[PDB]
$ cat protein08.cif   # mmCIF, C-alpha atoms
data_protein
loop_
_atom_site.label_atom_id
_atom_site.label_comp_id
_atom_site.auth_asym_id
_atom_site.auth_seq_id
_atom_site.Cartn_x
_atom_site.Cartn_y
_atom_site.Cartn_z
CA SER A 7 17.70 -0.06 -11.06
CA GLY A 8 14.10 -0.96 -11.62
CA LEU A 9 12.94 -0.16 -8.00
CA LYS A 10 10.12 2.33 -8.04
CA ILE A 11 9.82 4.82 -5.17
CA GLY A 12 6.49 5.94 -3.83
CA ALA A 13 4.86 7.69 -0.90
CA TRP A 14 1.76 8.59 0.97
CA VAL A 15 2.78 12.24 1.26
CA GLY A 16 0.95 13.01 4.49
CA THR A 17 -2.16 14.40 2.91
CA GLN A 18 -4.34 13.81 -0.13
CA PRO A 19 -2.04 14.01 -3.16
CA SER A 20 -2.87 17.37 -4.69
CA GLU A 21 -0.42 18.85 -7.14
CA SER A 22 1.05 21.02 -4.35
CA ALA A 23 1.40 18.12 -1.92
CA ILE A 24 3.16 15.95 -4.51
CA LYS A 25 5.54 18.81 -5.38
CA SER A 26 6.31 19.52 -1.72
CA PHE A 27 7.29 15.92 -1.09
CA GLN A 28 9.39 15.72 -4.28
CA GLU A 29 11.22 18.87 -3.19
CA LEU A 30 11.85 17.25 0.18
CA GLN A 31 13.22 13.90 -1.07
CA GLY A 32 14.87 15.43 -4.14
CA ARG A 33 13.39 12.94 -6.62
CA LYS A 34 10.22 12.52 -8.65
CA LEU A 35 7.78 9.97 -7.21
CA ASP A 36 7.02 6.90 -9.33
CA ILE A 37 3.98 5.96 -7.20
CA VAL A 38 1.65 8.15 -5.17
CA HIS A 39 -0.54 6.50 -2.51
CA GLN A 40 -4.09 7.53 -1.56
CA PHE A 41 -6.66 5.95 0.83
CA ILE A 42 -10.44 5.91 0.24
CA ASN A 43 -13.42 4.04 1.66
CA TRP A 44 -16.36 2.25 -0.07
CA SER A 45 -18.51 5.39 -0.01
CA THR A 46 -16.02 7.25 -2.19
CA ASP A 47 -17.05 7.67 -5.83
CA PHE A 48 -14.35 7.98 -8.45
CA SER A 49 -15.43 11.53 -9.24
CA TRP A 50 -13.94 12.56 -5.89
CA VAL A 51 -10.69 10.71 -6.73
CA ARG A 52 -10.65 12.29 -10.16
CA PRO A 53 -8.79 15.53 -9.43
CA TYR A 54 -6.14 13.69 -7.41
CA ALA A 55 -5.68 11.05 -10.11
CA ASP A 56 -5.16 13.88 -12.61
CA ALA A 57 -2.46 15.43 -10.42
CA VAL A 58 -0.69 12.08 -10.04
CA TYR A 59 -0.80 11.17 -13.70
CA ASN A 60 0.12 14.68 -14.84
CA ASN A 61 3.19 14.32 -12.60
CA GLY A 62 4.22 11.17 -14.41
CA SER A 63 3.33 8.83 -11.54
CA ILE A 64 1.01 5.85 -10.96
CA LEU A 65 -1.77 6.15 -8.38
CA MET A 66 -2.00 3.38 -5.79
CA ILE A 67 -5.37 3.43 -4.08
CA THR A 68 -6.02 1.59 -0.82
CA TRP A 69 -9.77 0.96 -0.94
CA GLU A 70 -11.08 0.37 2.59
CA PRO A 71 -14.55 -1.30 2.90
CA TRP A 72 -15.66 0.01 6.27
CA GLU A 73 -19.13 -0.10 4.73
CA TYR A 74 -19.12 -3.79 3.71
CA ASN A 75 -17.52 -6.86 5.27
CA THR A 76 -16.41 -9.85 3.19
CA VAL A 77 -19.83 -11.56 3.52
CA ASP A 78 -21.63 -8.45 2.27
CA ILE A 79 -19.17 -8.08 -0.63
CA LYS A 80 -19.15 -11.75 -1.67
CA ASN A 81 -22.96 -11.84 -1.57
CA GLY A 82 -23.21 -8.88 -3.96
CA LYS A 83 -24.55 -6.21 -1.61
CA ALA A 84 -21.96 -3.69 -2.84
CA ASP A 85 -22.14 -4.59 -6.49
CA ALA A 86 -23.73 -1.38 -7.80
CA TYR A 87 -20.98 0.62 -6.11
CA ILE A 88 -18.27 -1.77 -7.41
CA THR A 89 -19.68 -1.70 -10.93
CA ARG A 90 -19.71 2.10 -11.07
CA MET A 91 -16.15 2.29 -9.78
CA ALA A 92 -15.04 -0.19 -12.45
CA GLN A 93 -16.83 1.74 -15.15
CA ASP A 94 -15.34 5.01 -14.02
CA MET A 95 -11.79 3.62 -13.74
CA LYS A 96 -12.06 1.97 -17.16
CA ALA A 97 -13.15 5.28 -18.70
CA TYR A 98 -10.30 7.08 -16.98
CA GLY A 99 -8.01 4.54 -18.65
CA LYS A 100 -4.72 5.13 -16.89
CA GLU A 101 -2.91 2.38 -14.99
CA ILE A 102 -4.16 2.32 -11.37
CA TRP A 103 -2.89 0.02 -8.64
CA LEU A 104 -5.87 -0.93 -6.48
CA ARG A 105 -5.56 -2.44 -3.02
CA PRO A 106 -8.97 -3.53 -1.67
CA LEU A 107 -9.45 -5.34 1.63
CA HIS A 108 -5.91 -4.73 2.86
CA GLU A 109 -4.17 -5.99 5.99
CA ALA A 110 -6.72 -8.79 6.34
CA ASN A 111 -4.20 -10.83 8.40
CA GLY A 112 -4.64 -8.29 11.18
CA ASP A 113 -7.48 -7.76 13.62
CA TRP A 114 -8.16 -4.03 13.34
CA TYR A 115 -10.21 -3.74 10.13
CA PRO A 116 -13.82 -4.98 9.97
CA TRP A 117 -13.08 -7.01 6.81
CA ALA A 118 -10.02 -8.73 8.31
CA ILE A 119 -9.86 -12.45 9.13
CA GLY A 120 -8.61 -11.65 12.65
CA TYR A 121 -11.42 -9.19 13.31
CA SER A 122 -13.43 -10.06 16.39
CA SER A 123 -16.90 -10.10 14.69
CA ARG A 124 -15.67 -13.51 13.31
CA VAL A 125 -17.55 -12.74 10.07
CA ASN A 126 -14.53 -12.95 7.78
CA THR A 127 -12.93 -16.29 6.95
CA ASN A 128 -10.42 -17.30 4.29
CA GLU A 129 -13.34 -18.46 2.19
CA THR A 130 -15.47 -15.32 2.47
CA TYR A 131 -12.38 -13.17 1.88
CA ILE A 132 -11.32 -15.06 -1.24
CA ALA A 133 -14.88 -14.97 -2.60
CA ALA A 134 -15.14 -11.26 -1.95
CA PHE A 135 -11.81 -10.42 -3.59
CA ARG A 136 -12.59 -12.57 -6.62
CA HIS A 137 -16.02 -11.00 -6.97
CA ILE A 138 -14.51 -7.50 -7.10
CA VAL A 139 -11.97 -8.52 -9.73
CA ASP A 140 -14.66 -10.25 -11.80
CA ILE A 141 -16.81 -7.12 -11.91
CA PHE A 142 -13.88 -4.96 -12.94
CA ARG A 143 -12.97 -7.38 -15.72
CA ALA A 144 -16.58 -7.58 -16.90
CA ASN A 145 -16.51 -3.79 -17.29
CA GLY A 146 -13.21 -3.76 -19.20
CA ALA A 147 -11.08 -2.23 -16.48
CA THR A 148 -7.87 -4.03 -17.41
CA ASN A 149 -5.96 -0.81 -16.57
CA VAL A 150 -6.66 -1.62 -12.89
CA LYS A 151 -3.95 -3.77 -11.34
CA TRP A 152 -4.81 -5.91 -8.32
CA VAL A 153 -2.69 -5.64 -5.20
CA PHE A 154 -3.00 -8.37 -2.58
CA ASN A 155 -1.64 -7.35 0.81
CA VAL A 156 -0.45 -8.63 4.13
CA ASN A 157 0.55 -6.91 7.31
CA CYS A 158 4.12 -7.79 8.28
CA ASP A 159 2.73 -9.65 11.29
CA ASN A 160 -0.27 -11.95 11.63
CA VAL A 161 -2.40 -10.44 14.38
CA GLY A 162 -5.56 -12.09 15.65
CA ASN A 163 -7.11 -15.47 15.54
CA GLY A 164 -6.98 -17.36 12.24
CA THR A 165 -4.62 -14.96 10.48
CA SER A 166 -1.94 -16.09 8.02
CA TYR A 167 0.01 -14.64 5.09
CA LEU A 168 -1.52 -16.88 2.46
CA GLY A 169 -4.66 -18.55 3.75
CA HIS A 170 -6.75 -15.74 2.26
CA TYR A 171 -4.73 -15.48 -0.99
CA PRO A 172 -7.32 -15.34 -3.80
CA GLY A 173 -5.17 -16.91 -6.46
CA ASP A 174 -2.74 -15.92 -9.18
CA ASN A 175 -5.56 -15.45 -11.65
CA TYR A 176 -6.94 -12.57 -9.50
CA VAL A 177 -3.69 -10.84 -8.43
CA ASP A 178 -1.14 -8.69 -10.24
CA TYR A 179 1.09 -7.74 -7.28
CA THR A 180 1.44 -8.86 -3.70
CA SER A 181 2.37 -6.37 -0.97
CA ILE A 182 3.47 -5.91 2.59
CA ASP A 183 2.85 -3.14 5.15
CA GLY A 184 5.26 -2.79 8.09
CA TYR A 185 6.55 -0.25 10.57
CA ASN A 186 9.44 0.06 12.95
CA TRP A 187 7.66 1.40 15.99
CA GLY A 188 10.87 1.80 18.02
CA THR A 189 10.06 1.99 21.70
CA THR A 190 7.08 4.28 21.08
CA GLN A 191 4.05 2.10 21.80
CA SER A 192 2.94 1.50 25.39
CA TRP A 193 2.01 -2.10 24.56
CA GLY A 194 5.77 -2.63 24.62
CA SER A 195 6.96 -2.03 21.09
CA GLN A 196 10.61 -2.57 20.28
CA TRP A 197 13.09 -1.33 17.74
CA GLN A 198 13.12 -3.56 14.70
CA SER A 199 15.25 -3.31 11.57
CA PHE A 200 13.62 -3.38 8.15
CA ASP A 201 14.68 -7.00 7.75
CA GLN A 202 13.21 -7.90 11.16
CA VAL A 203 9.93 -6.29 10.17
CA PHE A 204 9.56 -7.69 6.69
CA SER A 205 11.46 -10.93 6.37
CA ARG A 206 8.74 -13.38 7.42
CA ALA A 207 6.05 -11.93 5.18
CA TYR A 208 8.50 -11.62 2.29
CA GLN A 209 9.48 -15.29 2.58
CA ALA A 210 5.82 -16.22 2.37
CA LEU A 211 5.02 -13.99 -0.61
CA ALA A 212 8.21 -14.94 -2.42
CA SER A 213 6.63 -18.40 -2.87
CA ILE A 214 4.02 -16.75 -5.16
CA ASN A 215 5.03 -15.84 -8.73
CA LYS A 216 3.97 -12.22 -8.53
CA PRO A 217 6.07 -9.08 -8.03
CA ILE A 218 6.01 -7.57 -4.52
CA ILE A 219 5.34 -3.98 -3.36
CA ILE A 220 6.37 -2.62 0.02
CA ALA A 221 3.14 -0.68 0.08
CA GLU A 222 3.69 1.02 3.46
CA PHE A 223 6.91 1.31 5.41
CA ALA A 224 8.37 3.80 7.84
CA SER A 225 10.41 4.02 11.05
CA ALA A 226 10.09 5.98 14.25
CA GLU A 227 13.03 7.97 15.71
CA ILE A 228 12.76 6.72 19.29
CA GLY A 229 14.71 3.67 20.43
CA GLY A 230 17.40 3.57 17.75
CA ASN A 231 19.02 5.34 14.83
CA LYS A 232 16.45 6.04 12.11
CA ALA A 233 19.01 7.36 9.64
CA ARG A 234 20.89 4.07 9.75
CA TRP A 235 17.58 2.21 9.60
CA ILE A 236 16.79 3.97 6.31
CA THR A 237 20.18 3.27 4.81
CA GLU A 238 19.98 -0.37 5.82
CA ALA A 239 16.36 -0.73 4.61
CA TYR A 240 17.18 0.33 1.08
CA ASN A 241 20.35 -1.73 1.04
CA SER A 242 18.32 -4.75 2.21
CA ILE A 243 15.68 -4.17 -0.43
CA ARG A 244 18.39 -4.13 -3.15
CA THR A 245 20.42 -7.12 -1.86
CA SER A 246 17.93 -9.49 -0.23
CA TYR A 247 14.42 -8.55 -1.41
CA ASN A 248 14.90 -8.73 -5.16
CA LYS A 249 11.27 -9.64 -5.87
CA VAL A 250 10.31 -6.18 -4.52
CA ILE A 251 9.60 -3.79 -7.41
CA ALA A 252 8.42 -0.76 -5.41
CA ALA A 253 8.93 0.81 -2.01
CA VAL A 254 6.24 3.20 -0.81
CA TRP A 255 6.99 5.20 2.34
CA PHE A 256 4.29 6.34 4.74
CA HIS A 257 5.14 9.99 5.41
CA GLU A 258 2.99 11.38 8.21
CA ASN A 259 3.35 13.07 11.60
CA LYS A 260 -0.03 12.91 13.26
CA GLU A 261 1.00 10.62 16.07
CA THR A 262 4.32 8.85 15.56
CA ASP A 263 6.67 10.95 13.42
CA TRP A 264 7.08 8.63 10.44
CA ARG A 265 8.22 11.44 8.13
CA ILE A 266 11.36 11.09 6.05
CA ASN A 267 12.36 14.45 7.67
CA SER A 268 11.50 13.60 11.27
CA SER A 269 15.12 14.73 11.74
CA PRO A 270 17.88 16.18 9.56
CA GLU A 271 19.79 12.91 9.73
CA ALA A 272 16.88 10.78 8.64
CA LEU A 273 16.21 13.11 5.69
CA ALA A 274 19.85 13.02 4.56
CA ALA A 275 19.87 9.24 4.77
CA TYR A 276 16.63 8.99 2.79
CA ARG A 277 17.92 11.29 0.03
CA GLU A 278 21.18 9.38 -0.17
CA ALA A 279 19.48 5.99 -0.24
CA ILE A 280 17.07 6.77 -3.07
CA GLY A 281 19.87 8.54 -4.95
CA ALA A 282 21.54 5.18 -5.45
CA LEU A 283 18.60 4.22 -7.72
CA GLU A 284 18.88 4.83 -11.46
CA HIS A 285 17.39 8.06 -12.77
CA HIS A 286 14.28 7.45 -14.87
CA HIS A 287 13.67 10.44 -17.13
CA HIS A 288 9.96 11.05 -17.61
CA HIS A 289 8.03 12.45 -20.53
CA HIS A 290 4.41 12.01 -21.53
#

$ encode --input "protein08.cif" --output "structure tokens"
Amino acid sequence: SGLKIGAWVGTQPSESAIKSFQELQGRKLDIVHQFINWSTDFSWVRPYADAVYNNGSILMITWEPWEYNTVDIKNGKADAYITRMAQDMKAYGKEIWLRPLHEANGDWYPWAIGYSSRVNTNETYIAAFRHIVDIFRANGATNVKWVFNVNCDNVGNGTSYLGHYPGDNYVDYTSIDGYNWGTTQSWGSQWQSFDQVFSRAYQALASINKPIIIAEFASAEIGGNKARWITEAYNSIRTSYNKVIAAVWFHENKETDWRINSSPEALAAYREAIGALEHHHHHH
């Protein structure tokens, strides 16, 4: 097995939070996920990065530009902030997976192509993403790996899996986010298997010669059997999604109970599923 296992552990990934989640799933994390905005300096990330790297994991950062849309970023309005982040990440030196401008084929983020301001187009998005990558490269931050992302579904006008793809020269990994909402959402959500959630986006990304990360996935309990969903998800990943190199759960219970331990059955299924994956002994 090469498949790496990751999580957002429900809170910022302090040493204690990482340990708690590892105790729960019964396995060391390969990847730990954290979310920041474009007001966050790397000095704030620093203590969390140290916890993740000390643990023997890679940090995946989703870097959310609430502060700057794709026009602002492509035009250079954020460049001082970008430059400092690049400099700080270069100096830190460890491998970091960075996911800027994510889910841009939805309509809920102000940088997304589907967003109703109509400011973001394929062209502004591509220019923005390339501009970020260029600044990081100019500052030597080759330890930062670039993660392109799509939502499992295209939501909003003008959205597509690949129209905003910035090119192989600017991308190290592609990625998908997707959730089985079960029957939990009033807008009429339905139970969907992992394959139902992810297949379409995977088919699209599989046409690009980059490895694929399932950067966020989880299932609700309501409307079906979440334990079976988990078992089937990992089996699908192994058998039918062989370009996927990492699976990163979204473990949280603020609204929908996405947690791996939303019930005893789900937890047992999760532990059993990841236990099929080869043990990777870690040492620094």

$ residues_around --input "protein08.cif" --residues "range 173-180 of chain A" --least-positions-apart "6" --cutoff "9 Å" --atoms "all atoms listed in the file" --output "PyMOL selection string"
chain A and resi 103+132+135-136+139-140+151-156+211+214-220

$ residues_around --input "protein08.cif" --residues "residue 258 in chain A" --least-positions-apart "2" --cutoff "9 Å" --atoms "all atoms listed in the file" --output "list in words"
residues 14, 15, 16, 17, 256, 260, 261, 262, 263, 264, 265 and 266 of chain A

$ closest_residue --input "protein08.cif" --among "A:207, A:51, A:233, A:57" --to "residue 247 in chain A" --atoms "all atoms listed in the file"
A:207

$ resolve_selection --input "protein08.cif" --expression "the PyMOL selection byres ((chain A and resi 109) around 8)" --output "ChimeraX atom specification"
/A:107-108,110-112,115,118,155-157,183

$ closest_atom_pairs --input "protein08.cif" --of "range 14-103 of chain A" --to "range 270-288 of chain A" --cutoff "12 Å" --atoms "all atoms listed in the file" --output "tab-separated table"
residue	atom	partner	partner_atom	distance
A:27	CA	A:273	CA	11.6
A:28	CA	A:277	CA	10.5
A:29	CA	A:277	CA	10.6
A:30	CA	A:273	CA	8.2
A:31	CA	A:277	CA	5.5
A:32	CA	A:277	CA	6.6
A:33	CA	A:281	CA	8.0
A:34	CA	A:286	CA	9.0
A:35	CA	A:286	CA	10.4
A:36	CA	A:286	CA	9.1
A:59	CA	A:288	CA	11.4
A:60	CA	A:288	CA	10.8
A:61	CA	A:288	CA	9.0
A:62	CA	A:288	CA	6.6
A:63	CA	A:288	CA	9.3

$ resolve_selection --input "protein08.cif" --expression "the PyMOL selection byres ((chain A and resi 126-129) around 7)" --output "number ranges by chain"
A: 76-77, 117-119, 124-125, 130-133, 169-170

$ write_last_selection --input "protein08.cif" --atoms "C-alpha atoms" --output "mmCIF file, keeping the file's coordinate frame"
data_model
loop_
_atom_site.group_PDB
_atom_site.id
_atom_site.type_symbol
_atom_site.label_atom_id
_atom_site.label_comp_id
_atom_site.auth_asym_id
_atom_site.auth_seq_id
_atom_site.Cartn_x
_atom_site.Cartn_y
_atom_site.Cartn_z
ATOM 1 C CA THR A 76 -16.410 -9.850 3.190
ATOM 2 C CA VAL A 77 -19.830 -11.560 3.520
ATOM 3 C CA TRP A 117 -13.080 -7.010 6.810
ATOM 4 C CA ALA A 118 -10.020 -8.730 8.310
ATOM 5 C CA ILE A 119 -9.860 -12.450 9.130
ATOM 6 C CA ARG A 124 -15.670 -13.510 13.310
ATOM 7 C CA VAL A 125 -17.550 -12.740 10.070
ATOM 8 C CA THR A 130 -15.470 -15.320 2.470
ATOM 9 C CA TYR A 131 -12.380 -13.170 1.880
ATOM 10 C CA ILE A 132 -11.320 -15.060 -1.240
ATOM 11 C CA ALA A 133 -14.880 -14.970 -2.600
ATOM 12 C CA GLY A 169 -4.660 -18.550 3.750
ATOM 13 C CA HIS A 170 -6.750 -15.740 2.260
#

$ atom_distance --input "protein08.cif" --atom1 "CA of residue 163 in chain A" --atom2 "CA of residue 75 in chain A"
17.0 Å

$ axis_aligned_box --input "protein08.cif" --around "range 21-38 of chain A" --padding-each-side "3 Å" --output "JSON"
{"center_x": 7.2, "center_y": 13.5, "center_z": -4.6, "size_x": 21.3, "size_y": 21.1, "size_z": 15.5}

$ resolve_selection --input "protein08.cif" --expression "the PyMOL selection byres ((chain A and resi 200) around 9)" --output "CSV table (one decimal) with C-alpha atoms, in the frame of the given file"
chain,number,residue,atom,x,y,z
A,184,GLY,CA,5.3,-2.8,8.1
A,185,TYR,CA,6.6,-0.2,10.6
A,186,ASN,CA,9.4,0.1,13.0
A,198,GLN,CA,13.1,-3.6,14.7
A,199,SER,CA,15.2,-3.3,11.6
A,201,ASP,CA,14.7,-7.0,7.8
A,202,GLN,CA,13.2,-7.9,11.2
A,203,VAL,CA,9.9,-6.3,10.2
A,204,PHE,CA,9.6,-7.7,6.7
A,205,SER,CA,11.5,-10.9,6.4
A,223,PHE,CA,6.9,1.3,5.4
A,224,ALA,CA,8.4,3.8,7.8
A,225,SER,CA,10.4,4.0,11.0
A,235,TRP,CA,17.6,2.2,9.6
A,236,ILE,CA,16.8,4.0,6.3
A,238,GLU,CA,20.0,-0.4,5.8
A,239,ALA,CA,16.4,-0.7,4.6
A,240,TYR,CA,17.2,0.3,1.1
A,242,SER,CA,18.3,-4.8,2.2
A,243,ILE,CA,15.7,-4.2,-0.4

$ atom_distance --input "protein08.cif" --atom1 "CA of residue 49 in chain A" --atom2 "CA of residue 91 in chain A"
9.3 Å

$ residues_near_point --input "protein08.cif" --point "(-5.2, 1.1, -17.6)" --cutoff "10 Å" --atoms "only C-alpha atoms" --output "JSON, numbers by chain"
{"A": [95, 96, 97, 98, 99, 100, 101, 102, 103, 146, 147, 148, 149, 150, 151]}

$ closest_residue --input "protein08.cif" --among "A:46, A:7, A:267, A:40" --to "residue 24 in chain A" --atoms "all atoms listed in the file"
A:40

$ atom_distance --input "protein08.cif" --atom1 "CA of residue 45 in chain A" --atom2 "CA of residue 121 in chain A"
21.0 Å
